[PDB]
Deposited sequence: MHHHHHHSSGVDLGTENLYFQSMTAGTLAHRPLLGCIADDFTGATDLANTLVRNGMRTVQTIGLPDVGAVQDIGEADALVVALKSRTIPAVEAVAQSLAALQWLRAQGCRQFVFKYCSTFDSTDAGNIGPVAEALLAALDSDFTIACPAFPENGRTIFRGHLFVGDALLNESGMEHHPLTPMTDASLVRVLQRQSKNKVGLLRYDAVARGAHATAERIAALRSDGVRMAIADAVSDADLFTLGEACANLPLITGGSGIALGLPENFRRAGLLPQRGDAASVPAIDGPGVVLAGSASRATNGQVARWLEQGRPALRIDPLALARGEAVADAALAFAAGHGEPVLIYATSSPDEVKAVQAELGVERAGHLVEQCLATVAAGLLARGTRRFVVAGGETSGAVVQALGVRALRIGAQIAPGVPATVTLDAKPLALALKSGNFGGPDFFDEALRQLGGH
């Protein structure tokens, strides 16, 4: 039976986590929400299950409800330990949802403690004295202070998490972690005795992540980004529970759908345009006026024999202007809906390869495509695997978290997903 059950707050994050688990020796299946029985095939044969939710920015009560339903489903499949997966940049607001979901999951597991560790050195995220760094910049000087939905203006994760948590948030500091697994486990026992119910965990290296994983072998719930999962397969191997343990190219029409406003995604769009590749920009203000923007994007894609880029990707100043006119949630949802409609339309027209930039964007698109589950293929860039659906004629998807990938990612992804 499956050993590890994971709940991810966005669809790109689900693939990121599953990639890390597969690469470290756990057969993993990603489900899009909860599958009907037995709509997903060789699922009781997985070592790990990753449930993808679109719950990062919905109301906290709904995020909790969806997360509790996923937890029960995972328990019923036989899972022994659980991971709550959120963004390595801690994407949230004072209203949630990292705090409300983690605390709800702890209560439902009857556990009095977990860690919260979004560190991801491979993608430049480290944590020191509870403060999150992106490269050598604090979170709030990294570009995340300009995220369209969850601007992060405070790098102190203890303070940030405490604001969205009812119970005591503490710190598992780098100097304990540096001393190895036994010392870390001892410090966790001390934090619990101190009344800490959730601790931000420092991690300045992949070595620290493996130390944390081993120290937390005995916790029902672990929370963080994909990095905190690095060492979990080794725990099960050591315990004698898991033995020591691809995907085909899919040819056909492709498309790139970009709803992230990140610097990385801006750079990826600019590169596409630099190379003279066909692209159409989505104006949120046209969507709000009810102009036929999705139809135009479909027509644009249909007239091209090569993949096109449909993008709303814009500068922070441009996003701010749109939001002042329409509202943050309304603008964000119009764009998501548009890209999702374009994806559904393209699916009907035979498109088989989809590269999607943005977490929420991927949630919208993949739900509109009707995907029930994904098989995890090879890593394209840190945090971003190629994936395929389980249909007789599969779809190939690359769901790129907004901050991930190099400048050339769109082309790299299209090529790894398959041929023309």
Counting from 1 along the deposited sequence, which stretches were left out of the model? 1 to 30, 276 to 279
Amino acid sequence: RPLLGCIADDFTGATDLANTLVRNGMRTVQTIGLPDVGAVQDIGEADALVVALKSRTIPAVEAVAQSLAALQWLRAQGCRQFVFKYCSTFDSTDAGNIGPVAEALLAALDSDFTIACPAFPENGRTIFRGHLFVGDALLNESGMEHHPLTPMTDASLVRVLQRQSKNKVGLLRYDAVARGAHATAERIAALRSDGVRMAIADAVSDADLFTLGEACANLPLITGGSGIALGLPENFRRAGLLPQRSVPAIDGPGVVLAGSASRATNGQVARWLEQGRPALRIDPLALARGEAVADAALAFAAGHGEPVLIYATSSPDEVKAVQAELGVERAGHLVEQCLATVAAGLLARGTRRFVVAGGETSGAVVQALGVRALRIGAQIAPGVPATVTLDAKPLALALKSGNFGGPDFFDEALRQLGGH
From here on, numbers count along this sequence of modelled residues.
May I ask you to compare 81 to 89 and 283 to 291 by their mean CA B factor in the entry and name the higher one? 283 to 291
Entry-level comparison of average CA B-factors, 114 to 122 and 228 to 236, reporting the higher stretch: 228 to 236
In the PDB entry, which of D206, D202, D94, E214 has its C-alpha at the highest B-factor? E214
Per the entry's Cα B factor values, which of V50, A364, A65, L34 stands out as the maximum? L34
In terms of its chain's C-alpha B-factors, the third that includes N403 is the lowest
Among the modelled residues of this chain, does the Cα B factor of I222 put it in the lowest, middle or highest third? lowest
Compared with the other modelled residues in the chain, in which third is the CA B-factor of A107? highest
Where the record places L346 (Cα B-factor, split into thirds across the chain): highest
Of the three thirds of the chain ranked by Cα temperature factor, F133 occupies the lowest
